[PDB]
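Next up: the same protein chain in two forms, each one alone, written as structure tokens (structure 1, then structure 2).
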Structure 1
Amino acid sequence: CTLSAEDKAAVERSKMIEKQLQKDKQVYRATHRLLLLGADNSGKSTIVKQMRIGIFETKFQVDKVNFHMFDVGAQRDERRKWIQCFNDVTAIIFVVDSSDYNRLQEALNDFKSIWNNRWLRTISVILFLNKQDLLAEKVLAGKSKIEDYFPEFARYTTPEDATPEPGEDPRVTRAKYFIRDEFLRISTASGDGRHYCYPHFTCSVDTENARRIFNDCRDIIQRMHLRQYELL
């Protein structure tokens, strides 16, 4: 009530900055935040480049819904103690160099660390198995045999639920789905229904990566809320 001119100006500035904070709150609540984790080989750069249409942030709107995307390049190899801050991102986008056979086990270990993290226990992971064209090229020709790195591929058939893209021979489908289920095994092993993994085969040039992200985010939020309502 009884305020000095200085006090009046102070509370007036408080109200103005509160208004700006409210505008920022609507911006923030309606924008979905994604972490684009991945190894150096994994084409994180290609993914961000295609969807241009320290921490690196890329904005992209799909069907009039905002999406952050924070690449975490230029950081130490270890991820702990900065992954703790991404505990509130809607989804994590894990890109893996499916073509590079040798480091695939390192990618699996990385996915195990991210999945089985004390934090991130309520965050879904989108496995963009990037550069499937290169994997196709390498698996057609010899000189690169899965068994030399993952012996289990000899004893692996194509899942009955596989939906190969037309124009691809059976063996490329075999290899790609082998990698997919190699990730999913460590994904489904300790899901606990709190967070799920959404495998996707993708390439660098693919323009549908943003659409895949949009659909996956829809599914993630829907499943989370249905679990909250106990409908699922």
Structure 2
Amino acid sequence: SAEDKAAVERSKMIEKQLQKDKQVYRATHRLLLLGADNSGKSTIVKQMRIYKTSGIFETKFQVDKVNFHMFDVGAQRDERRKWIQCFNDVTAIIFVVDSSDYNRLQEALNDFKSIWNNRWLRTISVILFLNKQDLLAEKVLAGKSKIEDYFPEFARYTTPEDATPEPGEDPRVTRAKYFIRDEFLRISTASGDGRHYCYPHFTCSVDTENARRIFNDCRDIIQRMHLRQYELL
């Protein structure tokens, strides 16, 4: 019966290690980075690093002594309806979309629709990052391309009073940016009742505040699920 006691001791040690790995595991937040080739999500990784057929890449960073693990799906086929289910428990989904490419601003919108309507993603708040704002601003100012050609409703759309344009920002670029933001928000609010929320942000690839924005979004998400868990809401 001595071997039984040895097995029990081994199980106790394994349980202690498992508990240490549970403190550690609930001490870090997991994020899913999604985007297309047009989106500069790779540049976002190479800029937030400041803090092979691999298949998936991992980027670990820290903000306010809080550790965040981001996973970028690297080598997978265009089909994604299956492995996406692996991320049904991530803290947030950072979706990077090129706002300066109208031809594929509708494919990105369809991808967002799919993500928002997915059964296994109903409880995950999606962090919307409208990347490459400078390209969109220059494209709009040039006037060579018109958003109305791809989204006719842009002609009827008007800038809401809630907008907070940056100083020196042209009315037209603000109108286009907020039109895209409202286009995404329409799908965001089409489905979902207080379970997952969308956070639109005007961001560029070369920016040092993306990590801070992600940290704030995660703080808000954890706060909301604490409100639900602690019976306050």
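Numbers follow structure 1, counted from its first residue as 1. For clarity, a rigid core is taken as the largest C-alpha set superposing within 1.5 Å between two forms.
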Cα of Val11: shift between structure 1 and structure 2 in Å, core-fitted?
5.1
Superposed on rigid core, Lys23 CA travels between structure 1 and structure 2 a distance in Å of 2.9
Taking the rigid core as reference, the Cα of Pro166 travels between structure 1 and structure 2 a distance in Å of 1.2
